[PDB]
């Protein structure tokens, strides 16, 4: 019934073949680009634009329950798996998707503005310098959001 967003891991260099298949199947998806802000080793927030994936090898896909539990998506060549727990795909938290979808639909200048309501831990992940370390922190973050909670 209701549709959720999931993280799909794929072979990074094969994005064109993977995205073409997903578009053929008429899925809503996006591979976000690295933002134009990052925290330097000296901790100052600086500007750049490198036209790189935000999380290399990962894309966000919207699907219902029967689509993520069927093997139609994971059978696509160079698609590896959904980000899962015990084999069960993990839907992305709504506040995370809110920030990501806002950056997809707005300008780079508006995406760079100091926006209230961004979860602090996710905002700091978006500022991470190295793309592969940024992916690993993001996976750990959405896993921690799914499996834990503090009062």
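Numbering follows the first chain given and starts at 1.
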Mean C-alpha B-factor comparison - 110-118 and 97-105, higher one:
110-118
Mean Cα B factor from the PDB record: higher for 84-92, or higher for 22-30?
22-30
Member of 42, 124, 67, 36 with the greatest C-alpha B factor (per the PDB record):
67
Considering only modelled residues of the same chain, in which third does the CA B-factor of residue 7 rank: lowest, middle or highest?
middle
